[PDB]
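Peer 1: everything below, folded, please.
(6 chains, ligands or ions: 6)
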Amino acid sequence: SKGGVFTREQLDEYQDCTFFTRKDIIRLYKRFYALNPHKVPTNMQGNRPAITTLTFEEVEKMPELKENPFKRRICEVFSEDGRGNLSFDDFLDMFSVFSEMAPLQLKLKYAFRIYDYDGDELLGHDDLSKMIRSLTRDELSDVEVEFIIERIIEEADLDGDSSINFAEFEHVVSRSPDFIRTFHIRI
Amino acid sequence: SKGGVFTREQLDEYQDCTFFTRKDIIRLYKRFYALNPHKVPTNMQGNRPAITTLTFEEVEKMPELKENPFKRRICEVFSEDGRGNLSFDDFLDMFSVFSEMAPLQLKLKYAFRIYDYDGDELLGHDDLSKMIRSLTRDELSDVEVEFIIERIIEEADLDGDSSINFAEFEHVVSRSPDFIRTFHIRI
Amino acid sequence: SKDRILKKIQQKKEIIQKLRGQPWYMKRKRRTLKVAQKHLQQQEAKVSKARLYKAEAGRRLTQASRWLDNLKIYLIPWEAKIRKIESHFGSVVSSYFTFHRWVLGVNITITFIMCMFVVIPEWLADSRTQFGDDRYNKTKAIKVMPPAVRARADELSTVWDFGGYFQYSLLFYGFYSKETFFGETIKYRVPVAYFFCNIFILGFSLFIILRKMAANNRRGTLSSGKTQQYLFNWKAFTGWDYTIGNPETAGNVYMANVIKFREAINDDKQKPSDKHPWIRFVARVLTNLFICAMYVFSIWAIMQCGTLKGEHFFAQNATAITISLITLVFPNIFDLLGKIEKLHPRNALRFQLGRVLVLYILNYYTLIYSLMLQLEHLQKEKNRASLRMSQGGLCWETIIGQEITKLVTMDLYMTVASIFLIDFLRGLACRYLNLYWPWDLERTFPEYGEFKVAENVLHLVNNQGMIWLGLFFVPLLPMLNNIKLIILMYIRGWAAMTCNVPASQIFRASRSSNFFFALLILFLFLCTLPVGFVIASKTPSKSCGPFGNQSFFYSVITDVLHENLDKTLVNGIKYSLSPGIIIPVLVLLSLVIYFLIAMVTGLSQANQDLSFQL
Amino acid sequence: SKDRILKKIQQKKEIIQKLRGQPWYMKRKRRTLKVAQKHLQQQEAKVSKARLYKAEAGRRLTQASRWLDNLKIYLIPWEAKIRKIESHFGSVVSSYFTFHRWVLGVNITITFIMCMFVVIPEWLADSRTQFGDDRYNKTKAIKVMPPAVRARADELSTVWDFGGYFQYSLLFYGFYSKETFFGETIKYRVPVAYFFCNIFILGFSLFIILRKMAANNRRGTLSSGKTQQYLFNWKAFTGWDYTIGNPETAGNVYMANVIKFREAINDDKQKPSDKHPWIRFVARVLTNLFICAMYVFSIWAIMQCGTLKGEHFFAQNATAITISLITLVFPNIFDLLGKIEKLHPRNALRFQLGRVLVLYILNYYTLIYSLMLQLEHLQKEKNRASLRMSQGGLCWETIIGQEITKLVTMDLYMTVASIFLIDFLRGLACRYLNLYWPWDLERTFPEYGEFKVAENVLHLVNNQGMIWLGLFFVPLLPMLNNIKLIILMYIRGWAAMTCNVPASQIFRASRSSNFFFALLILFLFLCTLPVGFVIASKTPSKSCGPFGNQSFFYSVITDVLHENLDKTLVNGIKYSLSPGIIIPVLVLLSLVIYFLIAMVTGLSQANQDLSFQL
Amino acid sequence: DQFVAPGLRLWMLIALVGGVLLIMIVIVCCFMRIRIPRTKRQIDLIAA
Amino acid sequence: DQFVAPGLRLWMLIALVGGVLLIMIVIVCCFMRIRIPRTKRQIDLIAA
Ligand SMILES: CC(C)CCC[C@@H](C)[C@H]1CC[C@H]2[C@@H]3CC=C4C[C@@H](O)CC[C@]4(C)[C@H]3CC[C@]12C
Ligand SMILES: *[C@@H]1O[C@H](CO)[C@@H](O)[C@H](O)[C@H]1NC(C)=O
Ligand SMILES: [Ca+2]
Ligand SMILES: [Ca+2]
Ligand SMILES: [Ca+2]
Ligand SMILES: [Ca+2]
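Peer 2: Numbering: from 1, shown residues only, chains lettered A, B, ... in the order given. Ligands and ions are numbered 1, 2, ... in the order given. Take a look:
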């Protein structure tokens, strides 16, 4: 199409480095600009895609992330810089990982990174507690949460480390018949 | 069925504890007596089956074992009391594990016990070395033997302990299509 | 040393290929791509000529493939519509619409095949025809309407029967001439194309469904999950649907997760109980007996309405109306009975799926039986009917095609009416009449409508199976079906957005994602069986259709082979097409599948024992 | 409260059975058995008297099963012979003899079925027949010799063709009357038994081979991962055969292990493969062309010896002699040409096995074609060979049976002669004349002789396939085959012990225990096609029973069904047995088998994984 | 048979008016985006 | 052509004598326990 916002080089690089076509990239740019037209420029030739940033709040207000309890975790995981704002490149990476055509291994790795609250590459007791209490809006009692955590941990505790590394998590969740269906964000 | 040398209770007990029928037990007794009639009694009723013993040399002279490189290892493995003797109960155990109808797990366990020369529950470096020496009549050079040992360890040792535990041995050898055929002694 | 350059080039190329799916930041991926492209440039220590031209061809081909994909991505419709539906409801609901779009694509492929190989050549023959032409002289019987039909063509009764202009059109089997060839040296015989196109379309539909199912199972999915020990992990790490956009659906997901976790920790392994022994089972038996009574009643009613005449606004359409009403009504009664059977919700949904599937199969075969009985009665009655016997005799193929088209159109109309009634009008009644009603119409029966994904999928597969059965007699059946599909799509989406409430829980009957395609395969087989029997047993109408005078339906290709090949080859073909060669294969297949079933039962028992041992 | 007691009792019962395979000394097994038995008998407050008697009956049934197993263990022949052969040569060689004994058992089962259901009733009817009896009145034509045949039966020419007392005996198809039955009501019709027994024997053979294959897979060898990751371990932990008793075979095993280990060290491109520039490829191409030439020569020779006439000692047996000579000679030529090809030893063995299999199949089908042509010629001849018309008409089924039994007997005779010459006389020559020959016979060419296990297995399977093919026309063919099998066994054993020498190195083309049974099912499938085609197409003779003067071979069953279920339902079956329905069933089986294979695949992998986790 | 032909057939006229009515209503529905069912908040807030 | 002996046929007599010879040689070979091939230790000595 027209493609005046990005050079052919930029679109080709994005296509070779992501799962999006030209149309998908243009639509994602339109959504990113509509999130905040003032900060996002009309044209993003050159280094601009990695420079322009939106605060985490400005990105979570979109409908695809508003109702997700892990919106903050997604934004923090995909943010290259930890100052609290997400750029357009990170936007594209986030919505390419959640796209339909992403492989199972990439989705598993990023889901493990999302659920890893403390960021120590292990799904510990507290990470599972926070995830469970977020999934049920804290309705479950403390004893029930502890029981669920213990049952989850004793599954895939091959190392006996009282925590789930990425190997055990991958081995377990790769056999889930519905992980690839839930872990999806269509845009 | 003559049923003279043994009692019905003894034969029933053996059939419960062994894969052999009455005919097989009688034939094995005939072979055991023919190995040395001067010390094996003509009648075996009561405790005598467990007390009449032949020296390891007298047992190895039978054709079924004299050509086997591991005949000494088989005799030592199946000797309940050791001390360079082998009773008739140990004889039946030995020729039952090697029978056609023995399960794969039992034969694997006893093969692991046979190849474990030092008797430390894991096939170490020296056990594999002497096993290769016996298998190739020491024709292979030292460097070749070391290379073969290293390859075997690298294939099987998934624990990084420089030795093959029975779990690793079971997992490796159960996939071999020749263990059932080779590990067999028809008698 | 020479192969080292090749190794480095291949490694850089595979790094470029695999870079698309790396868990790296965008800057890292761009830098690695730039470095790999620089090394692809450093490859200049490479042999020219054949290798250089091979590399150039590969680069050009991958650029062309990327351009083709970019052009293709613009042609996928309803992406926004499916996205909105998925955001409002979820992945399970949007799965039906994705399946609907896929079925529409398959139907479009079938329509393209039929048009290019059958319909368009016949249209070209008709257009090139002139008055007084020999081809016109010979096709006037089945192409030019007699004056009586011309006068009666515009009557509403004939339009309801798809007669008149519809009968004398490329829509039906009869209109196609048996004397149409488009080759001066090597003929492109239209009847041969017709037969082989129908057969190839059946085979190609089977191939497409199998290929899609394989691509959805393996080569793009997990293709795993044969165990059960990961219940808590699977319900915790897949407990949220990331496709949810509506807050109320999110709250429903929260409540469903709460219920599932409580059941797992307190009910699944702690407390089995019973309340009224020898009472609930009696109700179950009575309900099953009544459902069998409903089945036999449906069969009897289909037969009776097949026997009903009267040439009125309803007598001609009685069978289609009855079948459509049964299809749209009986599942609701089955759901109510499952409610009164107090069964487990997952088992209840499985029972509902099985019952609706059995109902569809029984209605299908009863319709076939009634059609054959009506054809036999009409043929014997030979020695309205005046319009039926217009094309030189009783063209029973055209009559069957007209009945199938009646079924399809009435199914569309009744589906539209049902959606307008039990979703829109029901929604309005529950919203505005709630304060006047003696009981709550929104928390008690009948609550706001819920999108029944499984029943809609079953209805869609039933429609596609009817298309498959009627395709031989109705060449343009998929094309009309295309319109139907499109309309259905929009209407369904509209209902979902305007009348339906997200379900409190989704106890999906099938864990696998290929269940819809499995049902499609089952219906494809159940529909290819009767048409195959008709081809192999039924004799075509004497003076109607692409076959006409010929003894059997397959006799045209047999004549072609006999005339264009030596006698011995055809004799060998006939010898190899004998029942004595196929039966031993069938017996061997049955015995080997019995042995495989025993082996897989043993393997499953071993797996269960290993899981229990832990 | 009794649940704990019954659970612990069941656990102890399970321990009773599991004790047989524990890695424990005999004292531990005795103590555990005594303790478990004391616990079992000691349990106070047992189950009710009805289930107490049920447990008593179960114990009695277990005792009876053990007693019958002990009785049966006495009926396994050649245990000593197979043990001696295995001790002298090894497990690979003794595998052929175990397979031979199993095939003998299968043939014995076939003979028992044929005798009990077909041969014995006919013999009883013949015995109860009297001179002047109505059955004698109507069976004198096909059961009583004319004086000419009675006089000429003593001649050796008639004995060669089985046309003497053999033709007028229970050995061949034509002797069985079509009027033989038992019972005033619900008759036991002998022709129906004949047909159903042939069909059931084919199906039962297929089922038995499948059951044996399933048992072999169940044994544990199926647990292979289809990977080479453990080549060193599989060459080290299975590097010795414990069945060896001969020191020379032990030394051969030592040398073979040395060679294998050194090769594995030097394989995987450590020693890159290199040969002559272009000579060996051209040699391989020329050898393949010459082998194809030998194939077409074998086909033409079978055809030419088929069209040979006269009453000479050789013209009658020309076809069987030619086929046997080809079968016993061409594999040797293939082995010799394998030296010219210079392939990988395992690959060379696989190629030779494939070539011999192709030769067997080609000879089988060429014999079918030649017998068909000869039958057509004899049928045209009418409007010593003429004496065959004494039975009444041609009785082409009896002619096929005589030809096939001549082939079987000649195969036996030529196999005995080949064993005597190639193995025994060559052994004596290499032992004694070696002092004089320029070539070292023992060392260079030819060696004393290695027992070709795979070639012997192929020969045995070919013989069994001939038995399957000729079973319809020769009911007693397996019985004679039994004798042949027994003789072969002994001779083969002798050829093993006195003439053959252990192989320097043992290679297996398949390395699977079901490969022989795979060849057996392949041959069964190939042989079941001509007989099925004959039943479905060929019309039976007008004079020789049990299908004399029938429209088809299956017309007896059709008449029986028509007389018993006059219901259209019979037509419905015919309706089913139709080309338009059996093809959808065939494609449905193809679609289901594919899915099934995959499931087991996946299940095995999962099991794989489960075990790994442990 | 109904009174059919005021020039064209009466069923044709009623079909035409029904078709234009359907086109108008589908246009309106496309441009409206209505939502009939109430949210659970609306359901339970008025239960009193 | 073989001719008929008193109450017997010539090929029948040949078959009888061949069969009894075969039975005798089979009986003898069932006890001989012969072994034709030489061992490698019995083969390598031929150099001298
Ligand atoms: C299965 C598919 C891919 C192959 C189908 C075969 C078709 C495409 C081939 C086979 C015979 C061919 C026809 C043979 C004769 C003529 C006559 C003239 O008008 C030229 C085109 C035309 C009409 C050819 C068009 C292409 C043709 C119809
Ligand atoms: C063809 O033409 C007429 C009927 O149209 C009929 O007499 C003749 O038997 C028919 N033959 C064939 C080939 O069907
Ligand atoms: Ca952590
Ligand atoms: Ca861990
Ligand atoms: Ca050790
Ligand atoms: Ca280890």
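Peer 1: apart from its chain neighbours, what residue comes closest to the closest residue to ligand 3 within the stretch 101-250 of chain C?
Peer 2: Per C-beta to the ion, residue C:237 is where the stretch 101-250 of chain C lies closest to ligand 3, at 14.6 Å. Any C-beta I mention is one placed from the backbone N, CA and C, and that applies to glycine too. Leaving aside its sequence neighbours, residue C:237 sits nearest to residue A:173 (C-beta to C-beta, 6 or more residues apart in numbering or on different chains; 5.2 Å).
Peer 1: likewise for residue E:29?
Peer 2: residue C:494 (6.8 Å).
Peer 1: need the residues of chain A near ligand 6, please.
Peer 2: Residues of chain A lying close to ligand 6 (C-beta under 5 Å from the ion): none.
Peer 1: tell me how many other residues crowd residue 32.
Peer 2: I went with chain A, as the question did not name one. 24 (other C-beta atoms under 10 Å in any protein chain shown).
Peer 1: actually chain E
Peer 2: 10.
Peer 1: ok, the residue of the stretch 101-250 of chain C closest to ligand 3 - contacts?
Peer 2: With contact set as C-beta atoms under 8 Å, 6 or more residues apart in numbering or on different chains, residue C:237 has these partners: A:111, A:115, A:169, A:172, A:173, A:176, A:179.
Peer 1: how about the strands of chain A, start to end?
Peer 2: For chain A, the strands defined by DSSP state E cover A:53-55, A:85-87.
Peer 1: packing partners for the first one?
Peer 2: Here strand A:53-55 is seen to pack against strand A:85-87 when contacts are counted using 3 or more C-beta pairs under 8 Å, 6 or more residues apart in numbering or on different chains; DSSP states H and E.
Peer 1: and stretch C:59-70, anywhere near chain A?
Peer 2: Yes - Stretch C:59-70 is in contact with chain A by C-beta under 8 Å from any C-beta of the partner chain, via C:66, C:69, C:70.
Peer 1: so the second one is in contact with residue A:21, correct?
Peer 2: Right, the one you point to is residue C:69. Yes - using C-beta atoms under 8 Å, residue C:69 is in contact with residue A:21, at 6.4 Å.
Peer 1: tell me which element residue C:320 is part of?
Peer 2: helix C:318-340 (DSSP states H and E).
Peer 1: so who does residue 104 touch?
Peer 2: Defaulting to chain A. So residue A:104 contacts A:174, A:180, C:221, C:222 (C-beta under 8 Å, 6+ apart).
Peer 1: try chain C instead
Peer 2: Contacts of residue C:104 by C-beta under 8 Å, 6+ apart are C:482, C:485, C:486, C:489.
Peer 1: give me the subset of those lying in helices.
Peer 2: C:482, C:485, C:486, C:489 (DSSP state H).
Peer 1: I'd like to know how many residues surround the residue of chain E found nearest chain A.
Peer 2: Using C-beta to the nearest C-beta, the closest approach of chain E to chain A is made by residue E:39 at 13.4 Å. Neighbours of residue E:39 under the rule other C-beta under 10 Å: 14.
Peer 1: three-state assignment of the closest residue in space to it that isn't next to it in sequence?
Peer 2: Closest residue to residue E:39 apart from its sequence neighbours, by C-beta to C-beta, 6+ apart: residue C:248 at 5.3 Å. Under DSSP: H, G, I helix; E, B strand; the rest coil, residue C:248 falls in the helix class.
Peer 1: okay, and the residue nearest to the spatial centre of chain E sits in which element?
Peer 2: Geometric centre of chain E, nearest residue: residue E:25, 5.1 Å, by C-alpha atoms, centre = their mean. Of the helices and strands defined by DSSP H and E, residue E:25 is found in helix E:10-32.
Peer 1: where does the residue of chain E with the smallest separation from ligand 6 fall, phi/psi-wise?
Peer 2: Using C-beta to the ion, the closest approach of chain E to ligand 6 is made by residue E:40 at 58.5 Å. Phi and psi for residue E:40, reported as degrees, to the nearest 10, are phi -60, psi -30.
Peer 1: could you pull up the residues touching it?
Peer 2: C:248, C:251.
Peer 1: could you report the separation of it from chain F?
Peer 2: 92 Å (C-beta to the nearest C-beta, to the nearest Å).
Peer 1: measure that residue to residue C:502 for me?
Peer 2: 10 Å (C-beta to C-beta, to the nearest Å).
Peer 1: ligand 4 contacts on chain A?
Peer 2: A:159, A:161, A:165.
Peer 1: so what's the second one up against?
Peer 2: When you say that, I think you mean residue A:161. residue A:122 are the contacts of residue A:161 under C-beta under 8 Å, 6+ apart.
Peer 1: all helices for chain A, in order.
Peer 2: Under DSSP H, chain A gives helices at A:8-17, A:22-35, A:48-51, A:56-60, A:63-66, A:71-78, A:88-97, A:104-115, A:125-135, A:142-154, A:166-173, A:179-182.
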